[PDB]
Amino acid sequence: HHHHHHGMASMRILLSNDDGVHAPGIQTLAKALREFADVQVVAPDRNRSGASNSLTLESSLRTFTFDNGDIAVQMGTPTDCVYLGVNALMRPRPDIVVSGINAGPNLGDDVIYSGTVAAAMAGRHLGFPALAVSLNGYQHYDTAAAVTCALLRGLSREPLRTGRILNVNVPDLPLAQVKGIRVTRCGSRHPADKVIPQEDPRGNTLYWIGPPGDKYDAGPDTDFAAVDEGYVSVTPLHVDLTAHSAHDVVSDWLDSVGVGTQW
């Protein structure tokens, strides 16, 4: 009939985040996805920014269902949410996990700390590649929602053959000002070094973790560079932490220092 999307409920999406179920990023995105997808939100009960791929192992998890059908996992991490949503809670099972929209970027080596990214990585085995979506700010959730809907419509047109996780960072701009899209690699930062002390009412010093370090590798092929230049950044991710290129150096080093070998 000619509509922007084919089907009002053609894809089953598990939508999660790490800002928590009440966050404007996930709620704005849910409203956009519900136009064309069958969406089930399964997200943390509060802001779990910084949760990375942490899992709850020593306790069981309780869920809470809101009047609108959204599910919070109480005390749940983003990884808990996706793991339970895929493997226990959702029927039918999701075709895809979408995680976001996060309030703030997930770029460079920040990605391994990101609970937004971790929710997506917990969906890497599904029929479509998982999407992690982060806004470089707090102002244009509508832009990030539009980019996400475009990517999802793209997946309906042709399957993506390689890459199981897409880390998407959206500039905080009206859509008409976004320049385009770049496929990027993760940049990197200097080590974060700030600790912010704050005395409690009894005079004891407590410590706040400081902000990320300055950009270090923010070259033209990086996610940083794309966002900074007004492009959407798309970086395909994987979970293999092996530094493959260090293999021979490490082997030769062990031999040279006689650890593992008698001579």
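The first residue of the sequence shown is number 1, and the count goes up from there.
Comparing the deposited coordinates for 71-79 and 152-160, the stretch with the larger average C-alpha B-factor is 152-160.
Higher mean CA temperature factor between 95-103 and 131-139: 131-139, per the PDB entry. For the set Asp223, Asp45, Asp38, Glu229, the PDB entry assigns the largest Cα B-factor to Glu229.
Set against one another, the Cα B-factors of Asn87, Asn167, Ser114, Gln177 in the record reach their highest point at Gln177. In the PDB entry, a CA B factor belonging to the highest third of its chain's modelled residues is recorded for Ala218. For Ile196, the recorded CA temperature factor ranks within the highest third of the chain's modelled residues.
Per the PDB record, residue ranking by Cα B-factor puts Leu15 in the lowest third of the chain. Sorting the modelled residues of the chain by their CA temperature factor places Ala145 in the lowest third.
Placement of the Cα temperature factor of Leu173 within the chain: highest third of the modelled residues, per the deposited record.
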